[PDB]
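J.: First the structure, then my questions, so here it is.
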Amino acid sequence: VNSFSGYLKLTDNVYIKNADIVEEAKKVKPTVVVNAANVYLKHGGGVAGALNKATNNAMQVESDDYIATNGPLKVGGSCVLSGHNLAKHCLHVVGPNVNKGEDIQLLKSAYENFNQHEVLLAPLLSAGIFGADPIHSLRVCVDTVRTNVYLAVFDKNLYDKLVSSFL
Ligand SMILES: Cc1cc(Br)ccc1[C@@H](CC(=O)O)NC(=O)c1ncnc2[nH]ccc12
């Protein structure tokens, strides 16, 4: 039993809710919140910008130190950093950005990172400003993630389409 409330169940292990992931995180304080990161951990916009803003830029400060030490992530890769005031940990996951020409086959590799965590709050990877088809992102999620994932979809119109078209 967990504290995630109001989700629709899509599969044994995948759940979905129309919610602002920022407000959802501040409410549940999950062990892991997933960020839709880029390889430089520059949290300028989209979900990343919103999460970082909610941490008063502390996420960005921590991220800049991470990159200075370790260099950029791989597309499809991830790192675990602090969740600040939002969660215990933030799993920064880099889905392919279609508006950068990056291989969509990398989306499966990106979702595989979720399997290292028993329960996560997450956005749809490569969706939004990353330019991929969110219906496709949801299919890859369900077919790749085996751990318990609670998906927050900010756009109500998109949420209804995802639910109504889900096979
Ligand atoms: C823009 C974008 C970029 C990538 Br990459 C991946 C998903 C998205 C969209 C897709 C959607 O509408 O769900 N989501 C969010 O921006 C989002 N999701 C949940 N809580 C949030 N709070 C503030 C923003 C926010």
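Lettering and numbering for the structure tokens are positional, with chains as A, B, ... in the shown order, residues counted from 1 in each chain, and ligands counted from 1 in the shown order.
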Need to verify the contact set: residue A:43, 10 Å, only C-alpha atoms, exclusion of same-chain residues closer than 6 positions in sequence. Can you return it as a PyMOL selection string?
T.: chain A and resi 35-37+49-53+57+59-60+63
J.: Export, as a compact mmCIF listing (two decimals), in the first residue's frame, the selected residues with N, CA, C and O atoms.
T.:
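Result file selection-v4.txt:
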```txt
# COMPACT_ATOMS: atom_id res chain seq x y z
N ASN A 35 12.94 13.06 -13.29
CA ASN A 35 13.05 14.24 -14.12
C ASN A 35 13.30 13.86 -15.57
O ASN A 35 14.08 12.94 -15.86
N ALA A 36 12.62 14.58 -16.47
CA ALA A 36 12.85 14.56 -17.91
C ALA A 36 14.07 15.44 -18.22
O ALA A 36 13.96 16.59 -18.63
N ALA A 37 15.25 14.86 -18.01
CA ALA A 37 16.51 15.58 -18.08
C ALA A 37 17.06 15.60 -19.50
O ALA A 37 16.66 14.82 -20.36
N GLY A 49 12.41 22.20 -16.00
CA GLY A 49 12.34 23.57 -15.55
C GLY A 49 11.38 23.73 -14.39
O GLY A 49 11.64 24.50 -13.46
N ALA A 50 10.23 23.04 -14.45
CA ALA A 50 9.25 23.16 -13.38
C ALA A 50 9.76 22.54 -12.08
O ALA A 50 9.61 23.13 -11.00
N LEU A 51 10.35 21.35 -12.15
CA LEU A 51 10.90 20.72 -10.95
C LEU A 51 11.99 21.60 -10.34
O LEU A 51 11.99 21.87 -9.14
N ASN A 52 12.91 22.08 -11.18
CA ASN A 52 14.00 22.88 -10.66
C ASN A 52 13.47 24.16 -10.01
O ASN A 52 13.94 24.55 -8.93
N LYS A 53 12.50 24.82 -10.65
CA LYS A 53 11.91 26.02 -10.06
C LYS A 53 11.34 25.72 -8.68
O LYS A 53 11.52 26.51 -7.74
N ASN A 57 15.98 26.47 -7.44
CA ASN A 57 17.23 26.34 -8.20
C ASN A 57 18.25 25.43 -7.53
O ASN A 57 19.37 25.27 -8.05
N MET A 59 18.19 22.21 -7.37
CA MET A 59 18.43 21.11 -8.30
C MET A 59 19.49 21.49 -9.33
O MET A 59 20.38 20.69 -9.62
N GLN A 60 19.40 22.70 -9.88
CA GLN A 60 20.38 23.14 -10.87
C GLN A 60 21.77 23.25 -10.27
O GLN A 60 22.75 22.86 -10.92
N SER A 63 23.12 19.86 -9.88
CA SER A 63 23.37 19.29 -11.20
C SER A 63 24.64 19.84 -11.82
O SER A 63 25.39 19.11 -12.47
```
J.: Write out as number ranges by chain each polymer residue whose atoms come within 6 Å of residue A:18, counting only C-alpha atoms; drop sequence neighbours fewer than 5 positions from it.
T.: A: 152-154, 156, 159
J.: How would you report the residues lying within 6 Å of ligand 1, as a PyMOL selection string, if you count only C-alpha atoms and all ligand atoms?
T.: chain A and resi 20-22+36+46-47+50+123-130+152-155
J.: A:135, A:48, A:34, A:141: which is nearest residue A:119, counting only C-alpha atoms?
T.: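 Among the listed residues, A:34 lies closest to residue A:119.
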J.: Write out as a CSV table (one decimal) with N, CA, C and O atoms, in the first residue's frame which residues come within 6 Å of stretch 82-89 of chain A when counting only C-alpha atoms, dropping same-chain ones fewer than 6 positions away.
T.:
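Produced file selection14.csv, reproduced below:
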```
chain,number,residue,atom,x,y,z
A,25,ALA,N,4.5,15.7,-6.5
A,25,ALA,CA,5.6,15.4,-5.7
A,25,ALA,C,5.6,16.0,-4.3
A,25,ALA,O,5.8,15.4,-3.3
A,26,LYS,N,5.2,17.3,-4.3
A,26,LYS,CA,5.1,18.0,-3.0
A,26,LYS,C,4.1,17.4,-2.0
A,26,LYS,O,4.2,17.6,-0.8
A,29,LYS,N,5.7,13.1,-1.4
A,29,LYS,CA,7.1,13.0,-1.0
A,29,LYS,C,7.6,11.6,-1.4
A,29,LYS,O,8.1,10.8,-0.5
A,30,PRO,N,7.5,11.2,-2.6
A,30,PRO,CA,7.9,9.8,-3.0
A,30,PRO,C,9.4,9.6,-2.8
A,30,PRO,O,10.2,10.5,-2.7
A,31,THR,N,9.8,8.3,-2.7
A,31,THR,CA,11.2,7.9,-2.7
A,31,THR,C,11.9,8.4,-3.9
A,31,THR,O,13.0,8.9,-3.8
A,32,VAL,N,11.3,8.3,-5.1
A,32,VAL,CA,11.9,8.7,-6.3
A,32,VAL,C,10.9,9.5,-7.2
A,32,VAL,O,9.8,9.0,-7.5
```
J.: Tell me, which residues of chain A carry DSSP helix (DSSP H, G or I), written as a ChimeraX atom specification?
T.: /A:21-28,46-54,58-70,98-100,106-116,128-130,134-144,156-164
J.: Restricting the calculation to only C-alpha atoms, which member of A:165, A:149, A:158, A:92 is positioned closest to residue A:16?
T.: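 Residue with the minimum atom-to-atom distance to residue A:16: A:149.
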J.: From stretch 25-158 of chain A, collect each residue whose DSSP state is strand (DSSP E) and return the set as a list in words.
T.: residues 32, 33, 34, 35, 36, 78, 79, 80, 81, 82, 89, 90, 91, 92, 93, 119, 120, 121, 122, 148, 149, 150, 151, 152 and 153 of chain A
J.: Those selected residues, please, written with C-alpha atoms and delivered as a CSV table (one decimal), in the first residue's frame.
T.:
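Result file follows (again.csv):
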```csv
chain,number,residue,atom,x,y,z
A,32,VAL,CA,11.9,8.7,-6.3
A,33,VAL,CA,10.7,11.5,-8.6
A,34,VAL,CA,11.8,11.2,-12.3
A,35,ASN,CA,13.0,14.2,-14.1
A,36,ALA,CA,12.9,14.6,-17.9
A,78,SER,CA,20.3,8.5,-15.9
A,79,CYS,CA,21.8,9.5,-12.6
A,80,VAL,CA,20.4,9.6,-9.1
A,81,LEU,CA,20.6,13.0,-7.3
A,82,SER,CA,18.8,14.6,-4.4
A,89,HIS,CA,15.8,11.2,-4.7
A,90,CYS,CA,15.5,12.5,-8.2
A,91,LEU,CA,16.2,10.1,-11.0
A,92,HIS,CA,17.3,12.3,-13.9
A,93,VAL,CA,16.5,10.3,-17.1
A,119,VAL,CA,8.3,2.7,-7.0
A,120,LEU,CA,8.6,6.0,-8.9
A,121,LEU,CA,6.6,9.1,-9.8
A,122,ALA,CA,7.4,10.0,-13.4
A,148,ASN,CA,5.6,0.3,-10.0
A,149,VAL,CA,5.3,3.6,-11.9
A,150,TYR,CA,2.9,6.5,-11.2
A,151,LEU,CA,2.7,8.7,-14.3
A,152,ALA,CA,1.7,12.3,-14.0
A,153,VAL,CA,0.4,13.8,-17.3
```
J.: What does the distance from atom CA of residue A:139 to atom CA of residue A:166 come to in Å, to one decimal?
T.: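 Going from atom CA of residue A:139 over to atom CA of residue A:166 covers 8.1 Å.
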J.: When distances are computed from only C-alpha atoms, which of A:19, A:39, A:132, A:61 shows the smallest separation from residue A:157?
T.: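 Answer, going by the shortest atom-to-atom distance: A:19.
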